[PDB]
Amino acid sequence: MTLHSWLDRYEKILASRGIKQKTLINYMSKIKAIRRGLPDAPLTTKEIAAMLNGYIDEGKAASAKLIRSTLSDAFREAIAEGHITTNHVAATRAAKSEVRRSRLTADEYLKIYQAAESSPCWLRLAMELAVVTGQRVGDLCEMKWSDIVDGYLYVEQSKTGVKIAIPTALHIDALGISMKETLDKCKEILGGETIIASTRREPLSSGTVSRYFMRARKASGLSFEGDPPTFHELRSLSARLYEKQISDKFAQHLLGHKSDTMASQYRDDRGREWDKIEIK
């Protein structure tokens, strides 16, 4: 067939698998990129690497590696239904990508927290909850008061299905955060069905929280190496503090893994220990 017409067949395939909405979207976007990037011909290995290197060229290595993967799978499916016989993607180079996002430190957190003094109250409250519970923003915006029962905040992580009970008697010492104290302030000051509500006592979207955290960051005027820290970085911050304040085991469970494997990268400092000397 033609690449395009086959991409259409491939996505209908993908539409199955049991994939979640967001996942499908991620895949669709990689397929849409392939379109713009390649002709409609039938059959190119160099034609393919031409596209990929075009991404690695402008520093979008992550995308390159993700596209390459999707292209290759589309090809294996084509070879299966018998349309092609060679996976000209296999003969291509798997691009190397390193996380550019820098980790956030306890001190940096305090500065962003102050800089957030110019933001709605839910921001700072969202920041405290994020660090004391080590949960993903996506879940934090789901927490309803009905989820708290007898000193425990029940959480069924959306991304993994993992189910955990977080004790409210919790608190982070290095930062002076008491979960019960934070929760109270959340009930009073915000007052919504969700523990994290908007100015209009309505449910917030992870996207917004992220975004306001980002504003406050710039507002703090802090400098970072590589891509700046984002709201998700509080998850890792949470882990790394709790590791020291309690134990690696504890931090693992709080974060929530299926594996029961204490591998974890949230515990990694990713160089923040090192102090790169300026040059005033």
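When you see a residue number, it is the position in the sequence shown, counting from 1.
Relative to the deposited sequence, how many residues with no modelled coordinates occur between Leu43 and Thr44 (none, 1 to 3, 4 to 9, 10 or more)?
Missing in between: 1 to 3 residues.
Quick one: say whether 193-201 or 124-132 has the higher mean Cα B-factor in the deposited entry.
The deposited B-factors put 193-201 ahead on the C-alpha mean.
So 231-239 or 250-258, which one's hotter by mean CA B-factor in the entry?
250-258 has the higher mean C-alpha B-factor.
Among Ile164, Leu71, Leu104, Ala80, single out the one with the highest C-alpha B factor in the record, please.
Top of the list by C-alpha B-factor: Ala80.
If you rank the chain by CA B-factor, which third does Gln114 end up in: lowest, middle or highest?
Within its chain, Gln114 is a middle-third residue by C-alpha B-factor, going by the deposited values.
Looking at the entry's B-factor column for C-alpha atoms only, identify whether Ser223 ranks in the lowest, middle or highest third of its chain.
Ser223: CA B-factor falls in the highest third of its chain.
Going by what the PDB entry lists, where does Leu14 fall on CA B-factor within its chain: lowest, middle or highest third?
CA B-factor rank for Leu14: middle third.
Split the chain's modelled residues into thirds by Cα B-factor; is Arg211 in the lowest, middle or highest one?
Answer is lowest: the recorded C-alpha B-factor places it there.
Is the Cα B-factor recorded for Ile172 in the lowest, middle or highest third of its chain?
It belongs to the highest third of the chain when residues are ordered by C-alpha B-factor.
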